[PDB]
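So you know, we letter chains A, B, ... as the sequences are listed, proteins then strands, and number each from 1.
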Amino acid sequence: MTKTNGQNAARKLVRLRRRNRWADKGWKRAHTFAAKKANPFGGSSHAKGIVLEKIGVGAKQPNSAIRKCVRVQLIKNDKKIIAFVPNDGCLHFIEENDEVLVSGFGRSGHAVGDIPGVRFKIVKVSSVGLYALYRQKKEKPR
Amino acid sequence: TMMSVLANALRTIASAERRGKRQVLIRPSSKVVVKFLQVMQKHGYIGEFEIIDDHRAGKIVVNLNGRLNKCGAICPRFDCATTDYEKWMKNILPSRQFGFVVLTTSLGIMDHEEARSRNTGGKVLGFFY
Amino acid sequence: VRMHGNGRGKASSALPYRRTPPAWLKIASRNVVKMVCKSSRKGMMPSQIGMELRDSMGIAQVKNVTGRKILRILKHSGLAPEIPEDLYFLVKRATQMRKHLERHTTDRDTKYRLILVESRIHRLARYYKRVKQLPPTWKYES
Amino acid sequence: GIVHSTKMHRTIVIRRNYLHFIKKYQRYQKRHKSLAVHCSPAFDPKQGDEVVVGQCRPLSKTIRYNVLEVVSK
RNA sequence: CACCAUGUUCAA
RNA sequence: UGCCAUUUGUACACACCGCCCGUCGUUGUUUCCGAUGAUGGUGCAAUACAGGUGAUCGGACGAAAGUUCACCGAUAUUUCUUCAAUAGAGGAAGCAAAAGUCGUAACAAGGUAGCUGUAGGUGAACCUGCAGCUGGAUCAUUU
RNA sequence: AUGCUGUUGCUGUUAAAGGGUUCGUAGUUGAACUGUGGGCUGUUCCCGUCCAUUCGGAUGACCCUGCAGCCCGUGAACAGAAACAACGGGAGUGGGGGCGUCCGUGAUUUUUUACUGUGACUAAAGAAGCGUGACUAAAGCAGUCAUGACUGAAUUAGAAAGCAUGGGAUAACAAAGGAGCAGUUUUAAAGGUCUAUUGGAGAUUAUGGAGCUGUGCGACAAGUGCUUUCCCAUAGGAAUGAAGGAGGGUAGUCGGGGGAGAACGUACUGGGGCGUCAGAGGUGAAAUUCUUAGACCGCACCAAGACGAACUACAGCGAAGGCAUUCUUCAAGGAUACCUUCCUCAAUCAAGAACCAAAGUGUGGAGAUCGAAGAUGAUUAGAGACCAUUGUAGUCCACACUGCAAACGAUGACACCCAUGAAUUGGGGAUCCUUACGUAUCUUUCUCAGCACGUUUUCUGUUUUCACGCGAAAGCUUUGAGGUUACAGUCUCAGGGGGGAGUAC
Ligand SMILES: *O[C@H]1[C@H](O)[C@@H](N)[C@@H](O[C@H]2[C@H](O[C@@H]3O[C@H](CO)[C@@H](O[C@H]4O[C@@H](CN)[C@@H](O)[C@H](O)[C@H]4N)[C@H]3O)[C@@H](O)[C@H](N)C[C@@H]2N)O[C@@H]1CO
Ligand SMILES: NC[C@@H]1O[C@H](O[C@H]2[C@@H](O)[C@H](O[C@@H]3[C@@H](O)[C@H](N)C[C@H](N)[C@H]3O[C@H]3O[C@H](CO)[C@@H](O)[C@H](O)[C@H]3N)O[C@@H]2CO)[C@H](N)[C@@H](O)[C@@H]1O
Ligand SMILES: NC[C@@H]1O[C@H](O[C@H]2[C@@H](O)[C@H](O[C@@H]3[C@@H](O)[C@H](N)C[C@H](N)[C@H]3O[C@H]3O[C@H](CO)[C@@H](O)[C@H](O)[C@H]3N)O[C@@H]2CO)[C@H](N)[C@@H](O)[C@@H]1O
Ligand SMILES: NC[C@@H]1O[C@H](O[C@H]2[C@@H](O)[C@H](O[C@@H]3[C@@H](O)[C@H](N)C[C@H](N)[C@H]3O[C@H]3O[C@H](CO)[C@@H](O)[C@H](O)[C@H]3N)O[C@@H]2CO)[C@H](N)[C@@H](O)[C@@H]1O
Ligand SMILES: [Mg+2]
Ligand SMILES: [Mg+2]
Ligand SMILES: [Mg+2]
Ligand SMILES: [Mg+2]
Ligand SMILES: [Mg+2]
Ligand SMILES: [Mg+2]
Ligand SMILES: [Mg+2]
Ligand SMILES: [Mg+2]
């Protein structure tokens with residue numbers, strides 16, 4: 001009950017497939033422009049921003065902590081986002097009005113497990129790497 | 001309505017052979033469906049068959065001898081070049097040892113093995129093994 | 001009637017294999033053409049001529065006695081109907097439904113069956129215009 | 001081609017109907033090209049007539065071909 | 001056939 | 001009040017001391033509507049019109065300056081169209097967060113069987129009317 | 001990786017998903033048939049004549065593709081019929097008749113396309129790889145060897161379309177629709193029409209070649225008998241077939257199918273007419289409510305509006321919604337029967353059409369009963385609910401509108417194959433793989449050569465407990481969810497983790 005044969009039925013099969021590829025959430029995201037115009041990074045990776053304020057986001061059930069994260073405002077398009085600060089400590093390396101280099105983390109913008117509504121991640125603060133500051137490879141300028 | 005008479009005939013042979021019958025009654029018949037059966041006689045997959053004359057399209061009574069596993073029809077009759085026989089053998093046949101792909105060529109209705117030897121190509125009709 | 005409706009009914013006449021007059025009838029092929037052409041001058045259409053010869057004269061299958069068919073005998077003699085017999089009885093049915101529906105304004109079922117006979121009329125008249133049994137301007141009444 | 005319309009003065013539009021094979025879906029596809037063809041008064045082709053056209057210079061904005069033989073009906 | 005509503009968060 | 005077996009239903013499984021629905025509060029987020037505000041380009045065609053090209057005259061010293069007309073046309077300004085972005089009092093919807101409030105709608109005949117459509121009512125789950133369905137709690141009882 | 005985009009190759013009863021039903025265009029798909037030939041030569045039983053009596057006996061079977069020549073259907077010949085498909089300005093200075101080529105030009109009646117086999121053309125770099133110890137390798141095209149030698153840089157795939165050519169299965173385009181139709185030669189005669197030679201060239205000019213038509217005449221055919229056929233005592237017979245595909249017809253029909261008229265049936269209410277007297281109602285208990293100005297009850301009747309109980313069911317009709325008294329009517333519908341007619345007219349469908357339960361809307365009617373809203377009782381912690389009493393819109397009809405269902409079989413349409421045993425509805429028919437065989441019951445002075453039944457066939461419809469097979473299972477199973485990794489009959493619609501959300505624009 002599914003599809004058509006016929007030696008001259010190729011226009012039917014070409015039209016049939018081009019509409020059913022829009023139902024694929026990978027094909028539709030790769031071929032519509034709401035994907036990049038609403039992505040806070042401009043269809044790119046690692047956008048810079050300025051730290052505005054520090055937030056403690058409480059973990060989801062069944063976990064219980066508060067996740068240390070900053071809210072930053074990106075430079076390329078002035079979009080306010082909340083981004084996580086990975087490691088033990090590490091808001092001690094971030095002050096307000098710091099330029100931070102913010103990547104996503106994990107899952108193509110889908111909020112890695114415990115943290116609710118945070119889908120970006122601090123990589124580098126004041127143009128020195130944030131994991132290099134944790135392991136004390138080098139220290140902050142100024 | 002009935003569209004392909006050859007696809008009808010091979011489907012009633014294959015159905016009655018998996019039921020282990022001794023005879024089938026094939027209706028309607030054609031010149032094509034008797035030339036398909038005579039390929040299946042020459043490599044001994046069926047026995048003697050008999051065409052009953054109506055002044056309509058005929059009927060065929062085919063004697064089965066237990067050797068046929070599956071006969072089927074490829075619809076639409078795809079065009080097959082001489083370089084394309086090894087592609088059709090891997091797709092519809094169970095092995096390269098046995099099994100035949102029947103083609104309608106300019107030289108006639110033949111299996112794939114004869115058509116490879118006479119260096120011809122055709123449209124594919126069906127298979128039997 | 002399979003084309004419109006759900007009927008899978010299989011009731012037909014099954015013509016004999018032995019296409020030969022039965023040798024007990026001594027009527028000439030010449031006289032059967034006179035009887036066929038005479039009945040058309042009494043207003044009988046070709047389907048009604050053949051039953052009267054089948055029932056009373058013993059002529060099953062006028063084609064076997066006289067090598068040509070009844071309507072072919074009529075076309076040679078100039079006695080063919082103006083429009084074909086199939087199209088006659090469908091038009092004559094469709095006008096008897098409409099003369100019903102003018103006084104019976106809410107006969108809901110006969111308005112549905114009238115769509116179906118006119119769909120048969122426009123689908124036969126396309127056949128007869130293509131095969132040139134009917135003029136190109138023909139165009140059913142309603 | 002086959003004659004499609006003869007409504008213009010001394011010019012016909014021919015229709016070239018061909019099957020376009022798709023390599024992915026192993027199936028053909030009916031396409032067509034229409035060409036305006038200058039038709040000489042040596043010829044009177046009706047619609048549906050099959051003609052043979054030969055390429056020439058531009059004779060108008062769209063006319064590049066010119067009818068050489070008409071095969072009736 | 002009167003009425004009969006509810007029991008915090010993880011975990012074992 | 002409890003216990004044991006069989007049958008049946010279940011969205012229960014640390015198992016009815018279960019599970020679970022909506023309004024309401026608190027926090028955070030992304031949309032939409034909205035008087036009004038406003039931005040960057042297109043297209044449309046309207047005038048004005050820099051320059052030049054061709055022509056016509058011109059003829060200082062053949063041939064410069066300059067006339068005049070036609071054409072190509074930049075730019076300027078306005079008129080709507082159209083695409084992409086954007087501020088907004090107010091009004092909402094949704095989602096997400098450790099244990100706030102109100103009931104208890106659903107799951108068992110969940111204590112009025114559930115549910116579909118529609119219409120009206122209500123803090124809120126929802127109730128009610130009418131015609132359907134069993135995915136029902138009946139495959140069954142003038143032989 | 002992902003048969004999680006499925007052409008190969010996915011799902012759609014319940015997991016997301018078949019669209020409410022029909023008609024229907026574009027589209028895609030579409031039944032059979034006109035045929036591939038032949039000859040020669042190779043390559044021991046059992047059936048009977050004597051014994052015995054519900055059981056024995058001595059006494060006609062079977063066994064030994066390969067090469068050549070075909071008027072290559074059969075006619076008809078022993079080149080004629082059948083079937084076939086003129087330029088020297090030419091050719092390396094033109095290779096007395098025949099033969100046969102080459103080149104170019106005229107006159108004569110027509111078959112393509114897809115497919116398929118071979119070719120012809122198609123830049124390197126890149127890919128594939130042939131040589132070679134740049135020390136290996138990634139490379140590169142180089143180098144290798146005993147007053148210079150063999151030099152190498154081979155080859156192949158490269159989308160479609162374009163070009164040439166041969167093969168003719170399958171399909172395709174086109175045309176036809178068959179009364180709409182397409183007699184060959186010998187011979188001499190009549191009339192009449194607009195180039196080559198005579199040395200050239202010019203101008204006149206009759207003859208003649210070959211063709212034009214109206215005849216007579218000599219042969220041979222004819223796919224339809226003219227020694228006929230009609231009158232009376234004038235070409236008309238040559239056409240595949242009739243699809244267990246569609247259409248139409250004719251016939252007794254069959255059904256809660258539809259429309260329209262009348263007429264019935266009890267019942268719920270409401271009335272008066274007759275009587276009664278003390279409560280009825282309602283509930284789990286009550287209370288709102290009715291009642292000595294007479295309720296409830298009982299009897300007959302009347303009015304009005306709905307509705308057709310039991311019979312009424314794994315029954316029928318209809319495309320689906322849906323349809324249940326009767327009688328008179330109108331147009332239909334399917335099935336069945338048929339040696340009627342037709343001859344591919346079909347299948348399925350974007351767009352487009354017409355129907356579509358209930359609620360709802362508009363305008364008129366109607367207004368009995370039930371009754372969203374609302375009002376009173378009660379239950380309750382609360383009760384905006386269930387329960388009781390009411391009661392508006394609605395229910396019902398007419399004409400418009402809407403088009404929102406668990407519109408279900410949670411199952412698209414059309415074909416095909418498919419094991420078994422009870423039944424049921426309508427129609428019809430009988431009473432070494434076998435050359436055939438069985439018939440009862442009871443009603444019967446007029447919709448009566450009747451009705452029902454019994455046994456058996458068979459077609460169409462709605463199903464049931466039962467073989468494969470299938471499925472994750474529940475379950476499905478000629479009524480598929482079977483015939484599916486052994487995956488292609490045709491067309492079509494939808495789905496792609498849960499939501500947001502059937503929301504916003
Ligand atoms: O059309 C039928 C078909 O041809 C045939 N195969 C048959 O199959 C059965 C048959 O089954 C039915 O049994 C029914 C009786 O209970 C009978 O129906 C018939 O009943 C008679 C009496 N009223 C007839 O008058 C009636 O017309 C008829 N319908 C059969 O149809 C069995 O009886 C046989 N024993 C076996 C057959 N295979 O069924 C088809 C229709 O169902
Ligand atoms: N979810 C984030 C994932 O990260 C990936 O990002 C990168 C890495 O996480 C990942 O690195 C993997 C490493 O994790 C894993 N342990 C081994 C693997 N060999 C690495 O792969 C990488 O390193 C090798 C070198 O050997 C490179 O040759 C290779 O091209 C590169 N993919 O390879 C990716 C190339 O940088 C994918 N880019 C991204 O699509 C995916 O979603
Ligand atoms: N730009 C329009 C603005 O919308 C505002 O409206 C805000 C609210 O009315 C509205 O309420 C949202 C609501 O959508 C959603 N359903 C729930 C959410 N908690 C609310 O959010 C709002 O209220 C909470 C306080 O409890 C704040 O913490 C939160 O930041 C604020 N956005 O969301 C809007 C912002 O997201 C105000 N009316 C006003 O500032 C202005 O109209
Ligand atoms: N979040 C969107 C919607 O919120 C609604 O429900 C939301 C709230 O109404 C609901 O509130 C619950 C409530 O059920 C229950 N009675 C008490 C509970 N504390 C509340 O919880 C809420 O509030 C607390 C903070 O106060 C949060 O930590 C918690 O995550 C949040 N669930 O929690 C939900 C928030 O996730 C709809 N029920 C639901 O359909 C949907 O999830
Ligand atoms: Mg509570
Ligand atoms: Mg509880
Ligand atoms: Mg010559
Ligand atoms: Mg027929
Ligand atoms: Mg009364
Ligand atoms: Mg009374
Ligand atoms: Mg109560
Ligand atoms: Mg009431």
Side-chain angles (χ1 to χ4, degrees), chain A residues 1-2 4-6 8-9 12-13 17 20-21 23-24 27 57-58 60-62 64 116-117, chain B residues 1-5 7-8 11-12 14-16 18-19 27-28 30 32 55-57 69-70 72-77 81-82 91 94 104-109 119-123 129, chain C residues 1-16 29-30 45-48 50-51 54 60-61 66-68 70-72 75-76 84-86 89-90 96-97 100-101 104 106-113 115-116 119-120 123-124 127 131-133, chain D residues 19 24-27 73:
Chain A
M1 61 184 175
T2 294
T4 182
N5 284 323
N8 294 318
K12 180 68 179 177
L13 293 173
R17 181 58 62 202
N20 290 117
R21 290 179 300 174
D24 187 74
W27 195 82
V57 170
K60 292 173 70 172
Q61 292 298 107
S64 177
Chain B
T1 53
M2 188 171 298
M3 295 298 175
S4 181
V5 176
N8 188 21
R11 190 170 53 238
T12 61
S15 297
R18 70 188 291 156
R19 297 184 293 117
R27 179 189 59 85
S30 180
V32 179
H55 299 297
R56 270 71 56 183
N69 297 115
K70 175 175 280 188
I74 293 97
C75 296
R77 297 174 183 177
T82 309
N91 285 323
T104 188
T105 70
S106 300
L107 299 167
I109 287 174
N119 195 7
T120 187
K123 293 175 183 291
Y129 52 85
Chain C
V1 174
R2 176 87 280 278
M3 181 165 71
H4 294 158
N6 281 315
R8 281 86 189 272
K10 300 174 181 66
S12 295
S13 68
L15 285 178
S29 166
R30 189 176 296 112
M45 298 192 77
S47 183
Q48 186 63 41
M51 304 180 200
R54 164 173 57 84
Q61 294 300 314
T66 69
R68 62 274 188 207
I70 293 176
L71 183 65
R72 183 62 68 204
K75 288 180 183 175
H76 293 169
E85 189 188 9
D86 309 335
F89 284 102
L90 285 175
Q96 289 177 359
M97 293 184 186
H100 173 72
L101 288 172
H104 300 91
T106 54
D107 195 356
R108 31 162 279 161
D109 195 7
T110 310
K111 280 193 252 76
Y112 175 70
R113 297 289 198 265
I115 294 167
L116 266 55
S119 292
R120 285 199 283 270
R123 167 191 269 252
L124 275 179
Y127 166 68
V131 84
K132 277 90 168 68
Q133 296 296 314
Chain D
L19 289 172
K24 183 179 180 180
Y25 306 98
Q26 290 287 108
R27 287 92 190 278
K73 293 296 292 182

Problem set entry | Protein proximity profile, nucleotides 498-505 of chain G - base contact B, sugar-phosphate-only contact S, no contact -, cut-off 4.0 Å on heavy atoms | --------
Exercise. Is the base of G:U170 touched by the side chain of B:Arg77 through a donor-acceptor pair closer than 3.5 angstrom?
Worked result: no
Problem set entry | G-U wobble or Watson-Crick pair formed by G:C417 and G:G482 (both under 3.5 Å) | yes
For this session: Compare side-chain N and O positions of A:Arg17 against OP1 and OP2 of G:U7 and report whether any pair is under 4.0 Å apart.
Result: yes
Problem set entry | Pairwise distance CZ(B:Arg56) to CG(C:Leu15) - rounded to 0.5 angstrom | 6.5 Å
Problem set entry | Pair flag G:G352 x G:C23, Watson-Crick or wobble criteria, under 3.5 Å | yes
Problem set entry | F:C83 vs F:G40: Watson-Crick/wobble pairing, cut-off under 3.5 Å | yes
For this session: Mind checking side chain to side chain contact (heavy atoms under 4.5 Å, CB included) for A:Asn20 and listing every partner two or more places apart, or none if nothing turns up?
Result: A:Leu16, A:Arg17
Atom pairs under 3.5 Å, N or O on each side, protein against nucleotides 166-168 of chain G: can you list them with distances?
{"unit_1": "G:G167", "atom_1": "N2", "unit_2": "B:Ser106", "atom_2": "OG", "d": "2.7"}
{"unit_1": "G:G167", "atom_1": "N3", "unit_2": "B:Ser106", "atom_2": "OG", "d": "2.6"}

Exercise. With sugar-phosphate meaning primed atoms plus P, OP1 and OP2, does C:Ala14 contact a base, only sugar-phosphate, or nothing at under 4.0 Å between heavy atoms?
Worked result: sugar-phosphate
Exercise. Whom does G:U250 pair with, Watson-Crick or G-U wobble, provided both distances fall under 3.5 Å?
Worked result: G:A337
For this session: Report yes if at least one side-chain N or O of C:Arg8 is closer than 4.0 Å to OP1 or OP2 of G:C414; otherwise report no.
Result: yes
Exercise. Are C:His104 and G:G259 stacked, counting the six-membered base ring, centres under 5.5 Å, planes under 30°?
Worked result: no
Exercise. Is G:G214 syn or is it anti, if syn means the base angle is within 90 degrees of 0?
Worked result: anti
Exercise. Is G:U11 in the syn range, within 90° of 0, or in the anti range?
Worked result: anti
For this session: State whether C:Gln48 places a side-chain N or O below 4.0 Å from either non-bridging phosphate oxygen (OP1 or OP2) of G:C342.
Result: no
Seminar exercise, completed: Relative to its sugar, using the 90° cut-off around 0, the base of G:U13 is anti
For this session: Would you indicate, yes or no, if G:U460 has its OP1 or OP2 atom less than 4.0 angstrom from a side-chain nitrogen or oxygen of C:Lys10?
Result: yes
For this session: Syn or anti for G:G248, please, going by whether the chi angle lies within 90° of 0.
Result: anti
Exercise. Taking only residues two or more places apart in sequence, or in another chain, which ones meet B:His55 in a ring pair (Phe, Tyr, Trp, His ring centres under 6.0 Å)?
Worked result: C:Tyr17
Exercise. Quick one: do G:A17 and G:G18 stack, meaning six-ring centroids under 5.5 Å and planes under 30°?
Worked result: no
Exercise. Listed by chain and number, what are the salt bridge (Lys or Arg N to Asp or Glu O under 4.0 Å) partners of C:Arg113, not counting sequence neighbours?
Worked result: C:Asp109
Exercise. What integer distance in Å separates D:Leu19:CG from G:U113:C1'?
Worked result: 9 Å
Exercise. Side-chain N or O of B:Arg18 less than 4.0 angstrom from OP1 or OP2 on G:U484?
Worked result: yes
Exercise. Of all residues at least two apart in sequence or in a different chain, which pass the side chain to side chain contact (heavy atoms under 4.5 Å, CB included) check with A:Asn8?
Worked result: D:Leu19, D:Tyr28
Problem set entry | Residues B:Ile109, B:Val32; criterion side chain to side chain contact (heavy atoms under 4.5 Å, CB included); working and verdict | CA-CA 8 Å; B:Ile109 287 174; B:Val32 179; 4.2 Å; yes
Problem set entry | Straight-line distance of B:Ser4 OG to B:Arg77 CZ, nearest 0.5 Å | 5.5 Å
Nucleotide N/O to protein N/O under 3.5 Å, stretch nucleotides 28-31 of chain G:
{"unit_1": "G:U29", "atom_1": "OP1", "unit_2": "A:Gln7", "atom_2": "N", "d": "3.3"}
{"unit_1": "G:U29", "atom_1": "OP1", "unit_2": "A:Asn8", "atom_2": "N", "d": "3.1"}

Exercise. Glycosidic conformation of F:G103, syn or anti, with 90° from 0 as the boundary?
Worked result: anti
For this session: Write down the distance separating the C1' atoms in G:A358 and G:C343, rounded off to the nearest Å.
Result: 50 Å
Exercise. Can you tell me if the side-chain N/O atoms of B:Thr82 get under 4.0 Å from OP1 or OP2 in G:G117?
Worked result: yes
Exercise. Do G:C476 and G:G469 meet the pairing test, Watson-Crick or G-U wobble with both distances under 3.5 Å?
Worked result: yes
Seminar exercise, completed: Counting only Watson-Crick and G-U wobble pairs with both atom distances below 3.5 Å, the stems of 3 or more consecutive pairs that include RNA chain E are none
For this session: Give a single yes or no on stacking for F:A109 with F:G110, with the cut-offs at 5.5 Å between ring centres and 30° between planes.
Result: no
For this session: List for me each residue that meets ring pair (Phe, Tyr, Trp, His ring centres under 6.0 Å) alongside C:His104, sequence neighbours excluded, and say none if there are none.
Result: C:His100
Exercise. Which residues pass the side chain to side chain contact (heavy atoms under 4.5 Å, CB included) test with C:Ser119, sequence neighbours left out?
Worked result: C:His4, C:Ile115
For this session: Could you check which nucleotide pairs with G:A366 in any of the strands shown, counting Watson-Crick or G-U wobble with both distances under 3.5 Å?
Result: none
For this session: Send over the distance from C:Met51 CE to G:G249 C1', rounded to a whole Å.
Result: 4 Å
Problem set entry | Counterpart base for G:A17, defined by Watson-Crick or G-U wobble contacts under 3.5 Å | none
Exercise. If the P atom of F:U68 is compared with that of F:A74, how far apart are they to the nearest Å?
Worked result: 24 Å
Problem set entry | Consecutive-base stack G:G258 to G:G259 per 5.5 Å / 30° rule | yes
For this session: Measure the distance from CD on D:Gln26 to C1' on G:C487 and round it to the nearest whole Å.
Result: 17 Å
Exercise. Under 4.0 Å: is that the gap between some side-chain N or O of C:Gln61 and OP1 or OP2 of G:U341?
Worked result: yes
Problem set entry | Distance in angstrom units between B:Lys123 NZ and G:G117 P, rounded | 12 Å
Exercise. Hey, what do you get for CG (C:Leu124) to CD (C:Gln133), rounding to the nearest 0.5 Å?
Worked result: 12.0 Å
Seminar exercise, completed: Each nucleotide of nucleotides 13-26 of chain G classed B (base within 4.0 Å of a protein heavy atom), S (only sugar-phosphate) or -, in 5' to 3' order, makes S----B---SSSS-
Exercise. Who pairs with B:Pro94 by side chain to side chain contact (heavy atoms under 4.5 Å, CB included), at least two apart in sequence or on another chain?
Worked result: B:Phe98, B:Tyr129
Exercise. Below 4.0 angstrom from OP1 or OP2 of G:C349, is there any side-chain N or O of A:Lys12?
Worked result: no
For this session: To the nearest 0.5 Å, tell me how far B:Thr12 OG1 sits from B:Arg27 CZ.
Result: 9.5 Å
Problem set entry | Pairing partner (Watson-Crick or G-U wobble, both distances under 3.5 angstrom) of G:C40 | none
Exercise. Roughly how far, to the nearest 0.5 Å, is CG of C:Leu90 from CD of C:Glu85?
Worked result: 10.5 Å
